[PDB]
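# Examining the three-dimensional arrangement
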Amino acid sequence: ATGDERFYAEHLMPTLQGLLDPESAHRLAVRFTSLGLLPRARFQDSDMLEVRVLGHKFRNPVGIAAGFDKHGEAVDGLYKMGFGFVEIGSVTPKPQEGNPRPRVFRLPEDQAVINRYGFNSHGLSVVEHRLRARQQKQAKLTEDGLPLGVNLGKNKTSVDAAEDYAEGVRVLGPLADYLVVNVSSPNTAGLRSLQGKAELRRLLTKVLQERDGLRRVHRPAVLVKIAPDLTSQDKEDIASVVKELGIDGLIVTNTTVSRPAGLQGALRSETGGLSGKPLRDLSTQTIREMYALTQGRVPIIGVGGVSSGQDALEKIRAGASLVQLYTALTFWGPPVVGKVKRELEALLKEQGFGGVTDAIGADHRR
Ligand SMILES: CCn1c(CO)nn(-c2cc3c(C(C)C)cn(-c4ccccc4C)c(=O)c3cc2F)c1=O
Ligand SMILES: Cc1cc2nc3c(=O)[nH]c(=O)nc-3n(C[C@H](O)[C@H](O)[C@H](O)COP(=O)(O)O)c2cc1C
Ligand SMILES: O=C(O)c1cc(=O)[nH]c(=O)[nH]1
Ligand SMILES: [Cl-]
C-alpha cells in the first residue's frame, strides 16, 4: 500500500500534472477511472469504518465529492478506488457548456485548486439514461454498503431556480440514494442567495414535496450543500429551516470564494472556488457550527481539504458522519483513498473509539 502511495505522490502524479493542462488532466482521469485503469485498492474495509446514516449502510465513511464525475461516467471505477460512497454532479436540467477555458487552475505550492467550471453539464436526460443502464447494479452496490448520491444544479439562464431543482428531483431522484441541493456554487450568478431564509424555505419545501411524491423504493434522502463563506446569520437561518422542514442532512462545505492570507500560488487571484488544504479548517469549523446549531440531530457530510486520516477524523469529531474529498486526489492520485482509510482506522484505535460512529461529534462532548 505505502509503495504505491509514495510512487503516486512523489513521482507519477507530479509528472502527469506537469505534462497536462488541468482540465485535460481531469478529463483523462474520468476516462481512466471509467475504464477501471486503477492501482490495486489493497485496503480491506473493517467493521470499525462502517456507518449507518441517511437510511443506508456505508461500508466506509470516505466519499468522492461532487465535481469529479459531473456526468455520472465513472461511478463503478470510483467504487473500485475504495470510496464508500459516490456523489455525481452537479447536474443541470438542460445541457450547458459552462464557462470558457481555462477554468481550472492548480496551486501546487498551496495544495489547492481554483475552479470556475460554471456547471458544465450533460444535463438530466443524458445522466438519467447513463444511470438507468446500471440501475440494478447500483441497487446491489447500495445494499452492499456503497450508496450513490446525485448533486443537482440549476441552468445559468433559468428564471425559476426551484423548478430546476424540482425537475432534478423528479428525473434523478428515483436513481439516487440521496440528492443534494447545491445552493453553494461560487460560479453561478445568484445561486448562493438561495441560501437566505424565506426563499430557502420556499425552495426546500418544493424540493421535499417533489421527493415525497416518488414511490417508496425510489425516494431519496435530501441534503443541502452549503458554502464555507456564510455569515453567522445565514448559518442560523439554514439550521432553522433544515430542522423545520426535516431536511435529511447537510454537506459542509463547497469551495470558498475567500482567499486566505498566505496563498503562494501564482494563480491565487483567479476567479473561482478554492479547494484543498487552504479550505480545510474553514470547512471543519463550519461543520462544528452546523452540528451545534442542529443539536447533533442532522447528519453532516464533511468536505474540504481532506487528505489524511487526521483530516477526516477532525471533521468527524467536529460533527461529520461521513467525509468526502476531491482535491487531494489531484495531488496524490487513487492511493489517497486507502491512505485516508488506513490512517483514520489507526487514529480511531489510538483515541479509544470503537468505530467511526463513536467519534461523530466527540469534540462537542469534551
Ligand atoms: C481539479 C481537476 N483535476 C486535476 C487538475 O487540477 N487533476 N485531476 C485529477 C487528475 C488525475 C490524473 C491525471 C493527472 C492524468 C490521473 N489519475 C490517475 C492516475 C493513475 C491511475 C488512474 C488515475 C485515474 C487520477 O486519479 C487523477 C485524479 C484527479 F482528480 C482533476 O480532477
Ligand atoms: C474542479 C471542481 C469542481 C467542482 N464541482 C462541483 C459541483 O459540480 N458541485 C458541487 O456541489 N461541488 C463541486 N465542487 C466542490 C467539491 O465537491 C468540494 O465541496 C470542494 O472541492 C472541497 O473538497 P476538496 O477540498 O476535497 O476538493 C467542485 C470542486 C472542484 C475542485
Ligand atoms: O461547476 C462549478 O464551477 C462548481 C460547482 C460547485 O458547486 N462548486 C465548485 O467549486 N465549482
Ligand atoms: Cl494551472
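What follows deals with the sheet that holds strand β7 (residues 148–152). Read around the closed barrel, the 8 strands follow the order β3-β4-β7-β8-β9-β10-β12-β13; overall the barrel is parallel. Put simply, the sheet's adjacent strands are angled 25° from each other on average, direction ignored. Examined bridge by bridge, strand β3 (residues 62–64) and strand β13 (residues 322–325) share 3 bridges and lie parallel to one another. Across the sheet, the residue bridging to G63 is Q324, located in β13.

Strand order in the open sheet formed by 3 strands is β5-β6-β11, with antiparallel pairing between adjacent strands. In this open sheet, the two edge strands, each paired with only one partner strand, are β5 (104–107) and β11 (273–276). Adjacent strand axes in the sheet meet at a mean angle of 20°, parallel and antiparallel pairs treated alike. As paired elements, strand β6 (residues 112–115) and β11 share 4 bridges and run antiparallel to each other. Bridge pairing in β11 places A112 opposite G276.

Turning next to the site of ligand 3. Every residue lining ligand 3 is accounted for by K70, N115, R116, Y117, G118, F119, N182, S185, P186, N187, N254 and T255. Here an oxygen atom of ligand 3 sits 2.8 Å away from a polar atom, N or O, in the side chain of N187. Grouping the amino acids of the shell around ligand 3 by side-chain chemistry returns 3 nonpolar, 7 polar and 2 charged.

Relative to each other, helix α10 (residues 309–318) and helix α12 (residues 335–350) sit at 60°, their axes nearing to 7 Å. Taken as axis vectors, α10 and α12 run oblique relative to one another. By crossing handedness, the relation of α10 to α12 is classed as right-handed. Along its contact with α10, which presents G309, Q310, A312, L313 and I316, the element α12 presents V340, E343, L344, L347 and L348. Among the residues making up the contact of α10 with α12, the classes are represented as 7 nonpolar, 2 polar and 1 charged.

Neighbouring ligand 2 are 23 residues, the closest being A66, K70, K225, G305 and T327. Residue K70 places a side-chain N or O atom 2.8 Å away from an oxygen atom belonging to ligand 2. Coverage of ligand 2 by the protein chains reaches 97% of its 600 Å² of free accessible surface. Counting only elements with at least two residues in the shell around ligand 2, the list comes to β4 (85–91) and β11. Its residues placed into classes, the shell around ligand 2 shows 7 nonpolar, 14 polar and 2 charged.

Moving on: the side chain of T142. Locating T142 in the fold gives a position in helix α5 (residues 135–143). The class of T142 is buried, set by a relative accessible area of 11%. A distance of 2.7 Å separates a polar atom in the side chain of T142 from a polar atom in the side chain of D177.

Each value, and the rule that gives it
Residues numbered from 1 in each chain as written, not as in the entry; some residues may be left out. Chains lettered and ligands numbered in written order. Heavy atoms only, no water. Pairing = 2+ DSSP bridges. Helix = DSSP H or I, 4+ residues; strand = E, 2+ residues; numbered from the N terminus. Axes fitted to C-alpha atoms, helices over the stretch in contact; angles between N-to-C directions. Near = heavy atom within 4 Å. Polar contact = N/O pair within 3.5 Å; in protein donor to acceptor, adjacent residues only side chain to side chain. Nonpolar A, V, L, I, M, F, W, Y, C, P; charged D, E, K, R; others polar. Parallel < 35°, antiparallel > 145°, perpendicular 65-115°, else oblique. Left-handed = near helix turned anticlockwise from the far one by under 90°. Contact = heavy atoms within 4.5 Å. Areas by Shrake-Rupley, 256 points an atom, 1.4 Å probe, with all protein chains shown as cover. Buried < 20%, exposed > 50% of the residue type's maximum accessible area, 1.4 Å probe, protein only.

Nothing here speaks to function; it is all geometry.
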